[PDB]
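A, B, C, D, E, F and G are the chain letters, set down in written order, and residue numbers restart from 1 in every chain.
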Amino acid sequence: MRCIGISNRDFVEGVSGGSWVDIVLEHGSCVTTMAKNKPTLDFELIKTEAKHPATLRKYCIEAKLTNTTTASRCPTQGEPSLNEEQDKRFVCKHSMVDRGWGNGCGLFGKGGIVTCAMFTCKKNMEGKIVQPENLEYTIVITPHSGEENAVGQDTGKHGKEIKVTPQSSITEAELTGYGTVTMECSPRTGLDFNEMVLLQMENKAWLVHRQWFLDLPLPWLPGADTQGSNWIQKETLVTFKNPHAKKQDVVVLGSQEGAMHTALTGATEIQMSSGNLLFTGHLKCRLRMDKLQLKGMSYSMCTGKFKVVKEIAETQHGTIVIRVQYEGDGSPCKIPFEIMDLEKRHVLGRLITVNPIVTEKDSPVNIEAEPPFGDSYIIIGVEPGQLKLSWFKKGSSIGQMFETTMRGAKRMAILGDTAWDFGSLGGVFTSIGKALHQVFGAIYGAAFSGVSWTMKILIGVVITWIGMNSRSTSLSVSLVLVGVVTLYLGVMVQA
Amino acid sequence: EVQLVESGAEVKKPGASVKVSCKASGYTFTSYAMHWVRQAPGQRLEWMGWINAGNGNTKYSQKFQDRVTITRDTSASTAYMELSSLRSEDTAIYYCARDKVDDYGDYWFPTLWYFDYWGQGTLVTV
Amino acid sequence: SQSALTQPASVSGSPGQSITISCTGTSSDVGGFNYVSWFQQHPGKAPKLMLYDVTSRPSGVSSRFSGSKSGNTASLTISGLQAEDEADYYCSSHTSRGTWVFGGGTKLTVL
Amino acid sequence: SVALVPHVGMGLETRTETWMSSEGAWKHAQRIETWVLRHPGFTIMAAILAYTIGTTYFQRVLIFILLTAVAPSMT
Amino acid sequence: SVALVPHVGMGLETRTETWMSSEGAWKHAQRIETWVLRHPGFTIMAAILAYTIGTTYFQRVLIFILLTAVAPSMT
Amino acid sequence: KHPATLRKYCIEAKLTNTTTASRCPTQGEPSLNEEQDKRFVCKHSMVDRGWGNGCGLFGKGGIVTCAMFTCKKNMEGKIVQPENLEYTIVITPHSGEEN
Amino acid sequence: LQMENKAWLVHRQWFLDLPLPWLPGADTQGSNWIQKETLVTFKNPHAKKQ
């Protein structure tokens, strides 16, 4: 019952003819799956460890110049020569300074001058790369029925942790009283590692784009260096001064840590103090409900009295969780829980904690249910001692549908075509929508890559105006539709 | 289940440096965060601070935030609490407890059973 | 910080009866957060967690121990006092500032 | 410098919040507004140029917006 | 950041070498070149938008260059 | 001559004593005494709260975090009064005489 | 404008409009930095910690 507290919780209801459902386990989001006659399960992606990343490129963010030297030639005598020019760790530049009799030359003109200073690196930002091979996810599956505590079992916990690495596609988790859940996850397509750099500057690490990382204008080493002195592109971290065309000087151009922090705007930070832990990105899995059994089936109904040990609480997703304790005979029995209307003539509310049961006499099992909008009754127990607890659900139905549509749009924005594999059970509409989304998303990524959200909004407004003014209505509708989607993406981007 | 063994009682002069280890077995050390509780003989329990074994993050109490330092070994499977400037008030048995951190290694909010397991106790008479 | 947790210094009850221990604290820790935990400490023994939530208790602990919280006060209720209930009981809470406050402690003595 | 080439449009954006998303969402627009405030003269000249170069109110407004946004960034 | 307000255009310019003059003369233009190389998709759409917005040939090129300059520098 | 400093800017800062305070849902924003200390930088946000977190209500709980801001390096912007400029000029008669 | 070991002659409005923490210049103690938020970042991912 982890998902209760999480604001980003999605309810996936239904399984295919084969009793499988595919889901996307995003980081920081909890998924709860409800299937008829099936235990309700809570899936959370809690970790993404990338192991043994190989260094790709070292960048210099803070250098220091030393051993500065200068050589001059009299005018018309070519360029001077510095022995330090042969060495590649000296940054050198050629310029011309006015010469004459006063400065020791027999000709009045511009003589060549060369300034060389030894370039040294104080701080560098390694950028490492991982191959999907050593990309190990971690998922927690918690049987959503029971009581939500991690101290019930000394050896472990009620929830199970399964590590989804690319080596094994099938990961099978055995729940103590619920059978086994099978996840056929696909780690290779979750996040496009090997098109992505694990940038690590000092004690902070990010997850940057490989092309962006390789386009950074800083001194860099290949990444396989051992001496670590032959920096490439040194002149990006050095200034040469020839102020009055009289002498030339070279300065080190300060430290680039803060500028790099500003540059990393828009990159999701990660952890590298131990193991290169990533807490971002999604994962696509298929659920195997076939071997999942309800924990408390083949119990007799509880006929005793029930008391509410915890006041009914309205969870953020429109459900209610109530903790009740059983005081009656027949310890291991199944709780009679119902949600009806004010006349007690209909069962209006659905039960998220399907098949609530009393495992132990003195154990406060907690129940999550979805009541209907408006006034209702939460009834627990049989008629002698049955609890009627009135509830009012604050919202409306149409508002909930609007919210669900907006949530689906936000999923289509955060995720790519995977938004079509979040709730799908196969089917031609899902497949066709996914294919069309793939085509339009390829076109949109080609068109809008590397553009800020402000530019996306500007382009959306421009396209909307063009469509609004188009004389052909087919083109007009298409253009306004594209512009509206572009505006929405601009508003929702910068997540 | 899980077991935590603190060190033997130490009698020290006031102003000396104290260091009492609490090696905890039966569970992933870096998974849980180990707290330190002090109780003067004949007085209440008194919370010093916690050291997270996952990443070394620590928190000390207002009272102890100057002379009290907590460090742990991931490999040695032990966490150490050291008191800098000893005094007669500091003559108490110091108890090491444990609380599990979240799935992300952070220790923002504790588990409701935040002191489910303790140590036998180490007595220091300053 | 400070022992905001204030509970009766001395408590006694006849064996077999029901005795309650009340722990009071500020609205920061015990009035706002359900982290009220009750710990029993025997002579020369380390504290043992009795109720980890306001009312929840560990597997080992018997059901005679039941807690409650109303307003800024937390109450430990023991039903059917025995001769093994003569230990101290320390309430604790997770303060809103992230610290831990223990109660003064109640020494239970049975007649 | 590196700060002049940020990582904002990379397309690697999950539901998790990015490095300085909250701070940097409006930094560019704030900086353009501050620049216009400090340097009013160029704004009027850009308005006149956009009016002259645009036949329609859409062209004029778009051109003026582009000129105003480019001037500070171009520096 | 502070690097986005570079003090380039504030007058006060003598006949003496200013800070990072030769380096920083074309660095923005080179940045735009690299960005257009890395993101050719946006350039095509910007050209199409410029062509469809503005009737005269001069107008279209002015819009295209303005958009391609704003895009990378919008940060 | 005689330049007077008008403003010091911090170019390399440091955060040292981080403290945080959390409030349960529908109870408003929390309080830190460091929040009105001027040498502390603070921010208010909302974190998910619930039974696991220890609240008893399900919603967004206000959160505040503060760290002490310390400057390690700064840049002094000085100003000079125009009366304090002293230009130096050299007038050499173009005579042809040697040194 | 004197930074660490180097100095520049800069416009005064430009200097007063820089986005960095600043003391008024008469502060010897340096315990009241202004605009401190331009040199720190507050991160709240997943709405779990800060």
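The working rule: contacts are C-beta pairs under 8 Å (C-beta built on N, C-alpha and C of every residue); 3 or more make two chains touch, one makes a residue touch a chain.
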When the contacting C-beta pairs are counted for A-G and for B-C, which pair yields the higher total?
B-C
By mean Cα position, the chain sitting nearest the middle:
A
Expressed in whole Å, how far the mean CA point of chain B lies from that of chain F is 36
From the C-alpha centre of chain F to that of chain G, how far is it in Å?
5
Taking each chain's centre as the mean of its CA atoms, chain B sits from chain D at a distance in Å of 55
How many Å are there between the centre of chain E and the centre of chain G, using C-alpha atoms for each centre?
28
At which residue positions does chain G touch at least two other chains?
3, 10, 17-18, 20, 37, 41-49
Per-residue overlap in chain C, given as positions that touch at least 2 other chains:
34-35, 52, 56, 58, 94, 98
Going through chain D residue by residue, note those that touch at least 2 other chains and give them in order.
1, 3-6, 8-9, 16-17, 19-20, 23-24, 28, 58, 62
Those chain pairs that satisfy the touch definition
A-B, A-C, A-D, A-E, A-F, A-G, B-C, B-F, B-G, C-F, D-E, D-G, E-G, F-G
Give every residue of chain A touching chain B within the complex, in rising order.
44, 46-47, 140, 149-151, 154, 273-274, 277, 279
In the complex, chain C touches chain B at residues 1, 3, 34-35, 37, 39, 41, 46-49, 52-53, 56, 58, 90, 92, 94, 98-105
Where on chain F does chain G make contact in their complex?
4-11, 13, 15, 20, 38-39, 41, 43, 45-48, 60, 63, 65, 67, 69, 71, 73-79
The answer for chain B against chain C in the complex is residues 35, 37, 44-47, 59, 61-63, 95, 110, 112-116, 118-121
Touch list for chain A against partner chain F, complex
2, 4-7, 148, 258, 310-311, 313-316, 321
